[PDB]
Amino acid sequence: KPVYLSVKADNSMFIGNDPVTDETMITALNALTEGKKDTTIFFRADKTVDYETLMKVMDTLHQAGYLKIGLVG
Amino acid sequence: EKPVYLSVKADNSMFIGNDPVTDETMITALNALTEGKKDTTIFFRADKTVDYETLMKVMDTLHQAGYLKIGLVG
Amino acid sequence: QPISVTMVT
């Protein structure tokens, strides 16, 4: 099942309904995916979230091997 | 198909390579470089403060024109 | 609605 990663305008972060930070995101994601790196990750963010924040999140996923990313508008 | 670099500035001004573009002129400008080749890789770069609304408006213009090979550059 | 992206660096 696809995983929805949400970033709010204050830069707080969620995997599904579960709050995460940069340091806890991959552990939280692995609980959902059981380590399946082919799991689709959909990224959602409030309009004012900035590119630096997006790319920080993208890089954490990328370095962990999560490469199936869809941006949701 | 040499990849195309689309840049978005902090003031939301936009460029295809060195060419200033707007939402209304982006696809015409892009088609001059790509010759209509939709498989051309498009690399998106942006100032740190560019917001998700702006990114996604650009993404949607490319998407609706059939440009689906997109890489985000950090 | 999704836009597939690669990150490159």
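Throughout, protein chains are lettered first and strands after them, A, B, ... in sequence-line order, and every chain is numbered starting at 1.
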Nearest 0.5 Å please: distance from the NE2 atom of B:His63 over to the CD atom of C:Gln1.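 Rounded to the nearest 0.5 Å, the NE2-CD separation comes out at 9.0 Å.
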
Rounded at 0.5 Å granularity, tell me how far OG1 in C:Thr6 sits from CD1 in B:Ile42.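 One gets 12.0 Å once the value is rounded to the nearest 0.5 Å.
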
Identify which part of B:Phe44 has an atom lying under 4.5 Å from any heavy atom of chain C, answering side chain, backbone, both or neither.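 Neither the backbone nor the side chain of B:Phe44 comes within 4.5 Å of chain C.
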
